[PDB]
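S.K.: A single structure is presented below for examination.
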Amino acid sequence: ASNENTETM
Amino acid sequence: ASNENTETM
Amino acid sequence: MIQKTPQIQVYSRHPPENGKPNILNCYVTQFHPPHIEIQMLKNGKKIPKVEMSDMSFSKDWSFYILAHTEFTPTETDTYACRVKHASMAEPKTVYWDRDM
Amino acid sequence: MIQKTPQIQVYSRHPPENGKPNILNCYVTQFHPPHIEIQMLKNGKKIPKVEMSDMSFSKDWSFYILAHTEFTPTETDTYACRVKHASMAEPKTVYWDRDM
Amino acid sequence: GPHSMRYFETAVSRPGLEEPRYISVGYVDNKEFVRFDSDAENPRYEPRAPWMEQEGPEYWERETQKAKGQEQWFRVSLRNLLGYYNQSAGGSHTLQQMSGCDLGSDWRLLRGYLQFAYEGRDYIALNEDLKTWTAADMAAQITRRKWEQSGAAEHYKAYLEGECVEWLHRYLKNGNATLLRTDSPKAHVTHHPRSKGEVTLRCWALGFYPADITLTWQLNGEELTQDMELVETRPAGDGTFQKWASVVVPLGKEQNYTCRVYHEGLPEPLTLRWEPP
Amino acid sequence: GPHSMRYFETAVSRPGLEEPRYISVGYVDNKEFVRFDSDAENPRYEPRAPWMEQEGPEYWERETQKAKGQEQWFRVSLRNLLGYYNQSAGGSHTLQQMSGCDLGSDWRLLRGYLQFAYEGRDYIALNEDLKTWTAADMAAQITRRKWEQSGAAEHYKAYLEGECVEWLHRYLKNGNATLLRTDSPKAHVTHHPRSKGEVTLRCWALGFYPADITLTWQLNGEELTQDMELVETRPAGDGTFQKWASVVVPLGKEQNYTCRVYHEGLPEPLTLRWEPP
Numbered sequence: 001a002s003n004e005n006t007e008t009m
Numbered sequence: 010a011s012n013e014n015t016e017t018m
Numbered sequence: 019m020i021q022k023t024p025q026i027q028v029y030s031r032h033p034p035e036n037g038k039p040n041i042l043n044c045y046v047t048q049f050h051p052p053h054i055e056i057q058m059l060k061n062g063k064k065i066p067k068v069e070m071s072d073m074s075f076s077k078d079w080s081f082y083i084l085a086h087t088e089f090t091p092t093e094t095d096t097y098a099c100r101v102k103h104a105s106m107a108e109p110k111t112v113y114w115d116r117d118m
Numbered sequence: 119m120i121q122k123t124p125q126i127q128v129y130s131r132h133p134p135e136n137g138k139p140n141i142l143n144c145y146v147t148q149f150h151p152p153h154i155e156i157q158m159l160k161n162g163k164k165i166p167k168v169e170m171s172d173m174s175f176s177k178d179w180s181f182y183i184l185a186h187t188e189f190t191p192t193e194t195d196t197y198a199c200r201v202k203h204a205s206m207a208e209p210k211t212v213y214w215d216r217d218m
Numbered sequence: 219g220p221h222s223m224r225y226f227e228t229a230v231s232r233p234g235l236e237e238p239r240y241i242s243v244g245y246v247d248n249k250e251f252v253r254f255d256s257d258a259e260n261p262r263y264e265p266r267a268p269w270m271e272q273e274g275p276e277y278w279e280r281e282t283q284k285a286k287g288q289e290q291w292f293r294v295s296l297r298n299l300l301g302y303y304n305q306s307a308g309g310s311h312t313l314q315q316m317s318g319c320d321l322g323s324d325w326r327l328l329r330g331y332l333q334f335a336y337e338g339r340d341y342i343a344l345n346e347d348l349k350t351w352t353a354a355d356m357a358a359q360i361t362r363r364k365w366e367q368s369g370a371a372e373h374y375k376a377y378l379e380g381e382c383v384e385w386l387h388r389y390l391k392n393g394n395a396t397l398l399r400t401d402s403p404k405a406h407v408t409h410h411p412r413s414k415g416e417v418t419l420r421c422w423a424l425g426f427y428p429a430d431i432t433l434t435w436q437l438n439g440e441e442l443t444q445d446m447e448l449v450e451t452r453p454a455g456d457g458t459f460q461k462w463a464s465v466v467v468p469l470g471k472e473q474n475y476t477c478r479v480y481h482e483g484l485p486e487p488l489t490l491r492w493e494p495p
Numbered sequence: 496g497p498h499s500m501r502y503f504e505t506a507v508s509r510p511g512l513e514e515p516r517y518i519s520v521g522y523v524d525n526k527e528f529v530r531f532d533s534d535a536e537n538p539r540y541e542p543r544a545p546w547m548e549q550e551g552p553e554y555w556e557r558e559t560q561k562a563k564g565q566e567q568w569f570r571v572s573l574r575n576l577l578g579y580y581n582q583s584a585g586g587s588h589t590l591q592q593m594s595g596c597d598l599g600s601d602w603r604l605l606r607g608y609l610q611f612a613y614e615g616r617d618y619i620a621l622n623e624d625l626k627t628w629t630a631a632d633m634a635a636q637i638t639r640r641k642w643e644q645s646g647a648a649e650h651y652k653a654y655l656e657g658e659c660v661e662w663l664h665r666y667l668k669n670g671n672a673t674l675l676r677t678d679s680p681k682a683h684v685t686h687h688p689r690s691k692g693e694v695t696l697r698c699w700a701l702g703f704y705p706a707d708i709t710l711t712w713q714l715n716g717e718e719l720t721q722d723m724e725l726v727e728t729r730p731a732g733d734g735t736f737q738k739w740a741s742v743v744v745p746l747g748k749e750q751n752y753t754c755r756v757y758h759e760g761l762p763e764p765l766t767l768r769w770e771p772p
């Protein structure tokens, strides 16, 4: 199961 | 003594 | 501006045997940007209906695709794989050599 | 987008001799793009009136600059060279080591 | 043996179209197991390994919904970067990500893994500590401070040691039959004549899975170090692999040289040499 | 000895301003002789070697006028390049050029030289033949195809074998004293003590010109290929160079190790060892 990144770059 | 390039890139 | 040169390998799925139907693979690796053009040709004429793997990349960030087509090796018939990529000035054509 | 990491060398023009006036060089090389920031510092305080070489590049296309300041080496006084460059995440500080 | 799970996410900026092509590829023990592609007619996570089909329609839904969330993260990340690197162009730009976890043989977590790349080069990576970041260049430093403030490391830590591991155990439990599976290599030596009174001996290794194989050429007990030519392990296309190793050897002295094939799918290591008709 | 002349031209696109910073640097035998910089208060070719002052303010004017024509060539080539690589930027872009000629000891032309680079990467180069071009990538192929039609190679050929050579002869004639000159290295070994009963032996080579030098460490009469630590040949700043090579050697067994310095300015190669008073 994948993750979701929080804050963008 | 330098050269002068002919045709542009 | 990180243009990585594609590495090509042209080979049969099963060992070549003249007249025995086989699969010709064109394994393109080590390239970047992912946009590539992979042609597969019989006697130089582009082979239509060429199957291609899905977009995968490696631990080193380079992309890799596996093009392959159904083929029946003959003494006369010459097969090759042509690759156009942003990183190359002109298309690399790698010929199938049954010895490798 | 070809960001090449700068290679720094901090050294004296003539062999160091405590109390003997000398020149401290900071040789930056192997970098690209040419825009760089070179600070030279005594005990951590930026040295004012630092002379810098003119814009030169090498056979490999990398740029190089030679920063040098007048200095009189002491046992206590610490010298270093700080470089900020597009290719680096944070500024590389190379300390002068009279043994090299 | 050790186990790993990775998600290889790619976002390729499409010039003009204000939505890239997001591609998430899931791997369990280096074997593709799930895949998401925005370019699909109806974009959703699809089972890329048979044992993945045991999941319920909600596992697929939870993942597909996550993907939609990522697709957005990439758009923005991809824009901000073009910003940081003064690229403001309608030239394709590619942002990649590798996230995951490595486990011991005991399935206990060894390492958390999170790497990002822009335009093929490393951009930013979270360190083995799952606490600190490493930026590749000046533009990457913006993301570092941005993420040091965000506290973003902590969530990734939480996922990599938590969700990632818990999940990997399920997948390994569920895929055991397919995962422990091995196709043994079928080997043979080919004789390729050449100039200066020499012949190239190609030791072929075909139809093997996993791709990890060792091919060695031996001159009467001595293992050859440099006269050896090795091709990168290539996929047969049928799910198996191929590799070959060749040596230039003086003619006649053909059967002085022996090839050895080491693969975990073999009942014992293959020892073979040139068989002339 | 062999002789060379090179013009190292650089054009750095400045964002906002609509003209780059052109920098032409002349070298005769790898030694900076003339220099042009657009960023100067009064931009003009300046002597950077004393023997260049024999040239009349007439000569400088001919060159300065050439630089103005290059300053434009770059600006356009920069623009066009930015197009091929879809780089529309308010970001700086750098185009570099190396042109010139190599001569034998007899001053007869050996090689014509013309290379171009975009962003620090090779873009296009005219081959040794001074007839055909080599493009680094697909974008560079536009310039190749553009220049094959233009016949641009022929003019560069004409310059590199003609003007370049004729000129270099004048410069070599005029700078003879300064050019034929070699500063021999002044060497010495320094003793740097350390842990586990080992010492670092630093063989220093100072105040030498040209920068080409070879430093070797020898144990009883056998070179220490991989043990040895160099440093990149660095400028003293006074026009001479410095280099050093170090080896970690066990204590007492110091004088078992010998340093050799090979330089063309030496009446014979320097053979050194740790001399403790």
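Going down the list, the sequences are from chains B, P, H, E, U and C. Numbering-wise, the numbering used here puts 5 at position 5 of the first sequence, and it's gapless, one number per residue. Numbering-wise, the numbering used here puts 15 at position 6 of the second sequence, and it's gapless, one number per residue. Numbering-wise, the numbering used here puts 96 at position 78 of the third sequence, and it's gapless, one number per residue. Numbering-wise, the numbering used here puts 188 at position 70 of the fourth sequence, and it's gapless, one number per residue. Numbering-wise, the numbering used here puts 417 at position 199 of the fifth sequence, and it's gapless, one number per residue. Numbering-wise, the numbering used here puts 530 at position 35 of the sixth sequence, and it's gapless, one number per residue. Even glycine gets a Cβ: it sits at the ideal position worked out from N, Cα and C.
Return the chain-ordered ranges of every beta strand (DSSP E) run that is complete within the region 72 to 115 of chain H and spans a minimum of 3 residues.
M.R.: 81 to 89, 97 to 103, 110 to 113
S.K.: Are the region 121 to 129 of chain E and the region 699 to 709 of chain C touching, with three or more C-beta to C-beta distances below 8 Å?
M.R.: Touching, no.
S.K.: E:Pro-151 CB to nearest chain C CB: under 7 Å?
M.R.: yes
S.K.: Between the Cα of C:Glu-759 and those of C:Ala-740, C:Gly-734, C:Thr-677, C:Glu-749, spot the shortest distance and give me the residue it belongs to.
M.R.: C:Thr-677
S.K.: What runs of the alpha helix (DSSP H), each 4 residues or longer, lie entirely inside the region 360 to 448 of chain U?
M.R.: 370 to 376, 382 to 398
S.K.: Less than 7 Å between the beta carbons of C:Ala-634 and C:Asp-617, yes or no?
M.R.: no
S.K.: Buried or exposed: where does residue 501 of chain U fall if 16 or more other Cβ atoms within 10 Å of its Cβ makes it buried?
M.R.: The structure shown does not extend to residue 501 of chain U, since chain U is modelled only from 219 through 495, so no value can be given for it.
S.K.: Quick one: is U:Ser-368 near chain B, going by C-beta distance under 7 Å?
M.R.: yes
S.K.: Could you name the residues of chain H that U:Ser-310 contacts, counting a contact when the two beta carbons are closer than 8 Å?
M.R.: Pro-51, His-53
S.K.: If we cut at 7 Å on Cβ distances, does C:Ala-653 have a partner in chain U?
M.R.: no
S.K.: Taking C-alpha atoms, which residue in C:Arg-755, C:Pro-538, C:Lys-563 lies nearest to C:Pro-764?
M.R.: When each option's Cα is compared against that of C:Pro-764, the closest is C:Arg-755.
S.K.: Taking H:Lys-60 as the query, report the chain U residues whose CB atoms sit under 9 Å from its CB, ordered along the chain.
M.R.: Under the 9 Å cutoff, chain U gives no residues; its nearest Cβ is about 18 Å from H:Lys-60.
S.K.: Just verifying my parser: in three-state terms, what is the DSSP assignment at C:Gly-760?
M.R.: coil
S.K.: Using 7 Å as the threshold, is the C-beta distance between U:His-406 and U:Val-417 below it?
M.R.: The answer is no: Cβ separation not under 7 Å.
S.K.: Does the beta carbon of C:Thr-627 sit closer than 7 Å to a beta carbon anywhere in chain P?
M.R.: The beta carbon of C:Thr-627 sits no closer than 7 Å to any beta carbon of chain P.
S.K.: Can you name, in chain order, every residue of its own chain whose Cβ lies under 7 Å from the Cβ of U:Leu-344, other than the five neighbours on each side?
M.R.: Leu-332, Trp-351, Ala-371, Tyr-374
S.K.: Flag E:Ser-205 as yes if its beta-carbon sits less than 7 Å from any beta-carbon of chain U, otherwise no.
M.R.: yes
S.K.: Using the beta-carbon of each residue, which ones in chain E are nearer than 9 Å to C:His-498?
M.R.: Those within 9 Å of C:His-498 in chain E number zero; the least Cβ separation is about 16 Å.
S.K.: Could you check whether the region 100 to 109 of chain H touches the region 54 to 67 of chain H, counting it as contact only if at least three pairs of C-beta atoms, one from each stretch, sit closer than 8 Å?
M.R.: yes
S.K.: With DSSP as the reference, label C:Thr-559 as helix, strand or coil.
M.R.: Here C:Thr-559 carries a helix assignment [DSSP, helix/strand/coil].
S.K.: Taking any Cβ of chain U, which residues in the region 547 to 581 of chain C have a Cβ under 8 Å from it, in chain order?
M.R.: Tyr-580, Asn-581
S.K.: Is there contact between the region 63 to 81 of chain H and the region 591 to 611 of chain C, where contact requires at least three CB pairs shorter than 8 Å?
M.R.: no
S.K.: Sort C:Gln-549, C:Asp-707, C:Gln-592 by Cα distance to C:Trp-568 and report the nearest one.
M.R.: C:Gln-592
S.K.: Beta-carbon within less than 6 Å of E:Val-128's beta-carbon, same chain only, minus the 5 sequence neighbours each way: which residues are those?
M.R.: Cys-144, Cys-199, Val-212, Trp-214
S.K.: With DSSP as the reference, identify every bridge partner of C:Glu-548, one or two as the case may be.
M.R.: In DSSP, C:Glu-548 forms no bridge with anything.
S.K.: Nearest chain U C-beta to H:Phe-75 closer than 7 Å, yes or no?
M.R.: yes
S.K.: Residues of the region 84 to 116 of chain H with a CB closer than 8 Å to any CB of chain U: list them in chain order, please.
M.R.: Going along the region 84 to 116 of chain H in chain order, one finds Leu-84, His-86 with a Cβ nearer than 8 Å to chain U.
S.K.: In terms of DSSP beta bridges, what is U:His-221 paired with?
M.R.: Per the DSSP secondary-structure output, U:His-221 pairs in a beta bridge with U:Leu-321.
S.K.: Are the CB atoms of U:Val-230 and residue 173 of chain U within a distance shorter than 7 Å?
M.R.: The displayed coordinates of chain U run from 219 to 495. Any statement about residue 173 of chain U would go beyond what the structure contains.
S.K.: What does C:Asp-733 reach in chain E if we use C-beta pairs closer than 7 Å?
M.R.: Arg-131, listed in chain order.
S.K.: Rounded to whole angstroms, what is the Cα-Cα separation between H:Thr-96 and U:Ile-431?
M.R.: 30 Å
S.K.: Measuring alpha carbon to alpha carbon, tell me which residue in C:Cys-659, C:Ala-740, C:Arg-570 is nearest C:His-498.
M.R.: For the residues C:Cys-659, C:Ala-740, C:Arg-570, the minimum Cα distance to C:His-498 belongs to C:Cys-659.
S.K.: How about the region 440 to 447 of chain U and the region 460 to 478 of chain U: do they share at least three Cβ pairs that are nearer than 8 Å?
M.R.: yes
S.K.: Using a Cβ cut-off of 7 Å, pull out every chain U residue sitting near E:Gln-121, in sequence order please.
M.R.: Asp-355
S.K.: By DSSP, does U:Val-294 sit in helix, in strand, or in coil?
M.R.: helix
S.K.: Name, please, each residue of chain H whose Cβ falls closer than 8 Å to the Cβ of U:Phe-226.
M.R.: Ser-74, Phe-75
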